[PDB]
Amino acid sequence: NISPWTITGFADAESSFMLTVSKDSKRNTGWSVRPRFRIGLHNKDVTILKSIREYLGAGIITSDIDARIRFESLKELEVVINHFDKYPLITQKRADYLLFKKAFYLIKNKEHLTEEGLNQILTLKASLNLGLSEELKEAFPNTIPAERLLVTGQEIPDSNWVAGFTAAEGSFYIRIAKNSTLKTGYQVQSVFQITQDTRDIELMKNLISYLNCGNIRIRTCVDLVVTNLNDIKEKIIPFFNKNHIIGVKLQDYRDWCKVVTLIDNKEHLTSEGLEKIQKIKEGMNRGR
DNA sequence: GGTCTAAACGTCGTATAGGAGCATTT
DNA sequence: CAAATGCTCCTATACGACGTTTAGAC
Ligand SMILES: [Ca+2]
Ligand SMILES: [Ca+2]
Ligand SMILES: [Ca+2]
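Residues numbered from 1 in each chain as written, not as in the entry; some residues may be left out. Chains lettered and ligands numbered in written order. Heavy atoms only, no water. Residues with missing side-chain atoms left out of burial classes, pairs and counts.

X-ray crystallography is the method the PDB entry lists for this structure, together with a resolution of 2.920 Å.

Draft legend 1. Looking closely at the pattern of salt bridges. Linking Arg-34 and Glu-72 is a salt bridge whose minimum nitrogen-to-oxygen distance equals 3.0 Å. In this pair, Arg-34 sits in strand β2 (residues 31-41) while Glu-72 sits in the loop between β4 (67-71) and α3 (74-86), placing the two residues 38 residues apart along the sequence. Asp-252 serves as the salt-bridge partner of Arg-288, at 3.0 Å between the closest nitrogen and oxygen. With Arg-288 in the segment after α11 (271-282) and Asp-252 in helix α10 (residues 248-264), the pair connects residues that are 36 residues apart, well separated along the chain. (Salt bridge = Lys/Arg side-chain N within 4 Å of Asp/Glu carboxyl O. Helix = DSSP H or I, 4+ residues; strand = E, 2+ residues; numbered from the N terminus.)

Draft legend 2. Geometry of the packing of aromatic side chains. On the basis of an interplanar angle of 75 degrees and a centroid distance of 6.1 Å, the ring pair of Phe-17 and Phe-84 is categorised as edge-to-face. In this pair, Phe-17 sits in strand β1 (residues 15-23) while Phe-84 sits in helix α3, placing the two residues 67 residues apart along the sequence. Here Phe-172 and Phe-240 contribute two aromatic rings whose centre-to-centre distance is 5.6 Å and whose plane-to-plane angle is 90 degrees, an arrangement assigned as edge-to-face. The rings of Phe-17, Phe-37, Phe-71, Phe-84, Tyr-97, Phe-100, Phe-104 and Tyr-105 are connected pair by pair, giving a single aromatic cluster. (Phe/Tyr/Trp six-rings, centres within 6.5 Å; stacked < 30°, edge-to-face > 60°.)

Draft legend 3. Fine view of the sheet that holds strand β6 (residues 186-197). With respect to topology, four strands assemble into an open sheet ordered β5-β6-β8-β7, the strand pairing being antiparallel. Of all strands in the sheet, those with a lone pairing partner are β5 (170-178) and β7 (215-218), marking the two edges. Between one strand and the next, the sheet's axes are offset by a mean angle of 35 degrees, whatever the strand orientation. With nine bridges connecting them, β5 and β6 associate as antiparallel partners. In the strand pairing of β6, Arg-175 is matched with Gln-189. Along the sheet, helix α7 (residues 159-169) contacts β5 and β6; its crossing angle with β6, the most-contacted strand, is approximately 110 degrees. Lying over the sheet, α11 contacts β5 and β6, oriented at roughly 140 degrees with respect to β5. (Pairing = 2+ DSSP bridges. Axes fitted to C-alpha atoms, helices over the stretch in contact; angles between N-to-C directions. Contact = heavy atoms within 4.5 Å.)

Draft legend 4. Just the domain arrangement of chain A, in detail. Domains assigned within chain A are domain 1 (1-137) and domain 2 (145-288). Distance from the C-alpha centre of domain 1 to the C-alpha centre of domain 2: 30 Å. Across the contact, 25 residues belong to domain 1 and 22 residues belong to domain 2. At the level of secondary structure, the elements contributing two or more residues to the side of domain 1 that touches domain 2 comprise α1 (4-14), α4 (93-108) and α5 (115-127). No other element matches the eight residues that α1 contributes to the side of domain 1 that touches domain 2. Looking at the side of domain 1 that touches domain 2 residue by residue, the classes come out as eleven nonpolar, eight polar and six charged. (Domains from an automatic or database assignment. Nonpolar A, V, L, I, M, F, W, Y, C, P; charged D, E, K, R; others polar.)

Draft legend 5. Layout of the sheet that holds β4. One open sheet accounts for four strands, arranged β1-β2-β4-β3; its pairing is antiparallel. This sheet does not close on itself; its edge strands, each paired only once, are β1 and β3 (60-63). Averaged over all neighbouring strand pairs, the angle between strand axes comes to 30 degrees, with direction disregarded. Here β1 pairs with β2 via nine bridges, running antiparallel.

Draft legend 6. View of the packing of α3 against α4. Direction vectors running N to C along α3 and α4 enclose 145 degrees, while the axes themselves pass 12 Å from each other. Two packed elements cross with a definite hand, and for α3 against α4 that hand is left-handed. Where α3 approaches α4, its residues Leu-74, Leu-77, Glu-78, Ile-81, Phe-84 and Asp-85 are matched on the opposing element by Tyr-97, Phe-100, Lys-101, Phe-104, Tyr-105, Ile-107 and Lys-108. (Left-handed = near helix turned anticlockwise from the far one by under 90°.)

Draft legend 7. Spatial organisation of unusual backbone geometry. The phi dihedral of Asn-142 is positive, around 60 degrees, even though this residue is not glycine. With respect to the helices and strands, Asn-142 occurs in the loop between α6 (134-139) and α7. A positive phi is found at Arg-219, a non-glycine position, where the angle reads about 150 degrees.

Draft legend 8. Representation of the environment of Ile-69 in the model. Within the element layout of this structure, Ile-69 appears in strand β4. Along the primary structure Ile-69 and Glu-147 are separated by 78 residues, whereas in three dimensions their C-alpha atoms are 29 Å apart. In this structure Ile-69 touches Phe-37, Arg-38, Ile-39, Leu-49, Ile-52, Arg-53, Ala-58, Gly-59, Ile-60 and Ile-61, once residues within four positions along its chain are discounted.

Put into structure tokens, the structure is as follows:
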């Protein structure tokens, strides 16, 4: 069974909360309103969603050009709302979540079928994700987009969160630099990385402190980068060994785990070993 | 002076990010 | 009938993941 805080972290990374507003002749207000929750992965990682359906005991899984689990009915969203209230988000999407939750409840009490609720719902949608479409701007001018609680004091709540966050957005790659000042002609480095747009740096900086290694860098997106070999061998790799990466990425990680060992044993300073690494690297990540 | 590590710097293609909307069930 | 929700297709840009250069220890 998958840890709940993993799901929370994973969704903190790659989930989205949506409100569709559709023009509809058959309604008094002229518009249809519906809530959605969705997680989308490449087809190859479909097992993750199966793991989430199984934990929560809800959710509809599909696979086409990509794989998704979706929550659209009131009862299914009720499960979703139950979970994230127990296991709160920590990226800027917790703001999104709060808008949705308000919007969700107006819809449950059917008040969206009123001109008042419809207008209130749109103030939430205006500040949720990409805001109002042009078509919605034309239909509802002078809508004042609702207040977003900026969450900025939030700490990393659990290690399994981090397993979840990176499994979705973390990166384990091998860096190879053609560099003649080295005997083999190439510098070899193992790299652990997490990326975020600059809106959630306080979480990024805290995550350095949580894993107690790595540096923050701005360039806009901000990267958390760990290149230190004894931080990678003694700090980063034990964490994700107790707190498991899930999905295909776990397999890249294994390969990454493999190349860090050989580099630890200085086998990268030989041509044969340098050949060995490129074989491995060429077989990781996008190279599968 | 040479070799190396850490990390600063550079960069493009696509896996999503977010969305819209018709068809079916309740 | 209408309100809910099942079901599917769309578009483009923020990432991931790949590569070079530099600061500086030894
Ligand atoms: Ca994200
Ligand atoms: Ca992403
Ligand atoms: Ca991902």
